[PDB]
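For reference, the structure is listed below as structure tokens.
Just so you know, ligand 1 is whichever comes first in the structure, and atom 1 is the first atom listed for that ligand. Position 1 is the first residue of the sequence; numbering continues from there. These numbers come from the heavy atoms of this one structure, side chains and all, not from hydrogens, waters or symmetry mates.
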Amino acid sequence: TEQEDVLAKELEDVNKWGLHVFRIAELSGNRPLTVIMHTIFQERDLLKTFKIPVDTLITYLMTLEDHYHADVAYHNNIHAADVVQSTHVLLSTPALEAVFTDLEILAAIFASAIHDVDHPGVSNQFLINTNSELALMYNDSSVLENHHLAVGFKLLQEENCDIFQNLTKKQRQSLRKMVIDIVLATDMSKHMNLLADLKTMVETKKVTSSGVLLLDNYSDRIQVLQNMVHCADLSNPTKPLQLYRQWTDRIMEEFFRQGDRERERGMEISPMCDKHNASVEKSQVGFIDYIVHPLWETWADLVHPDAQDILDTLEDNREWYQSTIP
Ligand SMILES: CC(C)CC(=O)c1ccc(OC(F)F)c(O[C@@H]2CCOC2)c1
Ligand SMILES: [Mg+2]
Ligand SMILES: [Mg+2]
Ligand SMILES: [Zn+2]
């Protein structure tokens, strides 16, 4: 109960950017995804709203969590938990108050939970280049992201795992489509097009009498949710530095392990995957400059000024990593 009370204490920070997610992973007995999802569902009253039996939720979450690979350094259950919690915070931004329905909120959070499930710790390109069963199944197109969806949905049909059992047929249909649209948008090959569309929305932005975003069609609604979960997926450099550095340690380990597999096969080693020739700090600065900051700056514009502190942290972290280079 002492460890249980300390875990309960930590989970009180679930509405905050910079939650101690690694501490939660250890305190929960390597069940960060389960406890964070359960906490968020309680916080948002989702069990009552969708008549989700508590035991069904926990059973599904435990099985979902099990299907993340404990031996993968970055794309594991802790990352899933982190993206879920980050999405949860982004959904609560003042500029979006009362914009999304309960079903849309459920879709975004569920999509976040399943978005990397059964990740093998290697990239789409590696899977394509090595003629893997996954690339063959999915015809080289969003290979992993299709797989994550397939696994996430299939696990609902396991014993006592259908958390959506009390949704209407129309609700289930809508949720399934939304979840697919969201998880496929986490494929980095879609990033530039997603960002271009987000910029267009920002430039043509409309707000209600309340000062909240006006979204009156599926296309705009789903686009915001896609970019939201994508922002959450790309949120590591916006977190307090002690968290960001741990995420960087993990992605580099994962990248280096892929590079070792490429080396052992006699393949050319992918960018940033050679442990004997890798500039970790320069690569983080490039990652921020070319990908993460352009996205988060546009998100910040969409919800201005709600995300200013997040954007400020990102800029501080870029400066920090940059400062280690000279
Ligand atoms: C979805 C995608 C961005 C996940 C990913 O590959 C990734 C996540 C966090 C990354 O870094 C840090 F945020 F943990 C990351 O960095 C690589 C290594 C240097 O630049 C690119 C990459
Ligand atoms: Mg596992
Ligand atoms: Mg992914
Ligand atoms: Zn991810």
Side-chain angles (χ1 to χ4, degrees), residues 21-22 25 30-34 61-87 111-126 142-145 147-149 151-152 155 182-192 194-195 226-259 270-275 278-296 313-314 317-318 320-321 325:
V21 71
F22 296 103
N30 200 20
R31 294 295 188 177
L33 184 52
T34 298
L61 290 171
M62 296 286 279
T63 313
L64 177 67
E65 186 148 29
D66 287 353
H67 282 78
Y68 281 90
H69 294 209
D71 58 341
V72 170
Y74 182 95
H75 289 103
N76 53 51
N77 62 330
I78 313 174
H79 169 64
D82 177 46
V83 172
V84 162
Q85 190 262 337
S86 300
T87 292
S112 297
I114 70 164
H115 88 279
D116 273 334
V117 68
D118 203 31
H119 202 295
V122 294
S123 71
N124 281 334
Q125 196 60 57
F126 178 92
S142 296
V143 169
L144 285 167
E145 293 78 16
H147 185 60
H148 304 317
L149 283 161
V151 171
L155 291 172
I182 292 165
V183 176
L184 291 174
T186 63
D187 180 352
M188 282 302 298
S189 69
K190 307 300 180 63
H191 161 85
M192 289 302 175
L194 273 175
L195 183 51
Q226 285 170 322
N227 277 292
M228 186 186 288
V229 172
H230 184 50
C231 284
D233 207 11
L234 278 52
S235 65
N236 301 158
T238 78
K239 294 293 170 69
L241 183 64
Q242 84 289 348
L243 289 166
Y244 177 25
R245 286 192 63 182
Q246 176 68 5
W247 290 122
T248 300
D249 292 346
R250 288 168 174 273
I251 198 68
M252 291 313 309
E253 175 62 27
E254 193 171 304
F255 274 31
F256 290 163
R257 286 180 202 167
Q258 178 177 314
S270 298
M272 308 172 286
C273 293
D274 190 350
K275 68 189 171 186
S279 300
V280 171
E281 300 77 19
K282 287 169 62 167
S283 295
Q284 283 307 307
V285 174
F287 181 51
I288 292 165
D289 288 351
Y290 290 98
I291 295 162
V292 181
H293 191 274
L295 175 58
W296 272 99
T313 301
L314 178 56
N317 286 341
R318 191 271 183 198
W320 186 85
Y321 265 105
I325 301 165

In this structure, atom 17 (C) of ligand 1 is nearest to the protein heavy atom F255 CE2, 3.9 Å
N236 heavy atoms within 4.0 Å reach ligand 1 at atoms 9 (C), 13 (F), 14 (F)
Can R257 and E253 be counted as an ion pair, charged N to O under 4.0 angstrom? yes
Quick note on ligand 1: atoms under 4.0 Å from a heavy atom of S283 include exactly 19 (C), 20 (O)
Closest heavy-atom approach to atom 1 (C) of ligand 1 among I291, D233, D249 is made by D233
Within the 2.8 Å cut-off the protein N, O or S neighbours of the Mg ion (ligand 2) are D66 O, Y68 O
Quick note on ligand 1: atoms under 4.0 Å from a heavy atom of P237 include exactly 13 (F)
Note to self: For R31, is there any backbone N or O sitting under 3.5 Å from a side-chain donor or acceptor partner on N77?
What the structure shows: no
Closest to atom 5 (C) of ligand 1 among protein heavy atoms sits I251 CD1, 4.0 Å
When you measure from the side chain of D187 to the backbone of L184, do you find a donor-acceptor pair of N or O atoms at a distance under 3.5 Å? no
Of all protein heavy atoms, the one nearest atom 2 (C) of ligand 1 is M188 CG, 4.0 Å
Open item on the list: Looking at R318, I want to see if its CZ is surrounded by more than 12 non-hydrogen atoms of other residues, nucleotides or ligands under 6.0 Å.
Closed with: yes
Closest non-hydrogen contact found for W296 with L314 is CB-CD2, 3.9 Å
* To do: Using modelled atom types only, decide if a donor and an acceptor are shared between the side chain of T186 and the backbone of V183 within a distance under 3.5 Å.
  => yes
When distances are taken from atom 4 (C) of ligand 1, the protein heavy atom at minimum range is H75 NE2, 4.1 Å
Under 4.0 Å from one or more heavy atoms of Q284, ligand 1 contributes atoms 11 (O), 12 (C), 13 (F), 16 (O), 18 (C), 19 (C), 20 (O)
On a heavy-atom basis, the closest approach of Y244 and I288 is OH-CD1, 3.4 Å
Are any of the side-chain heavy atoms of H75 and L144 separated by less than 4.5 Å? no
Listing protein N, O or S under 2.8 Å around the Zn ion (ligand 4) gives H79 NE2, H115 NE2, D116 OD2, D233 OD1
| query | Can you check side-chain contact (heavy atoms from CB on, under 4.5 Å) on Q125 and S270, steps first, answer last? | reply | CA-CA 9 Å; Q125 196 60 57; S270 298; over 6 Å; no
- Message: Tell me if a side-chain donor or acceptor on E281 pairs with a main-chain N or O of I325 at a distance below 3.5 Å.
- Response: no
### Message
When you measure from the side chain of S235 to the backbone of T238, do you find a donor-acceptor pair of N or O atoms at a distance under 3.5 Å?
### Response
no
Side-chain donor/acceptor of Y74 to backbone N/O of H79, under 3.5 Å: no
Logged contact type for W247 with ligand 1, heavy-atom cut-off 4.0 Å, is both
In ligand 1, the atoms that come under 4.0 Å of a heavy atom of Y244 are 12 (C), 13 (F)
When rounded to the nearest 0.5 Å, the distance separating NE2 of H230 from NE2 of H115 is 10.5 Å
Donor-acceptor contact below 3.5 Å, side chain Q226 vs main chain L194
no
- request: Just do the ring-ring contact (aromatic ring centres under 6.0 Å, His included) check on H119 and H69 with the steps written out, would you?
  value: CA-CA 7 Å; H119 202 295; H69 294 209; 8.2 Å; no
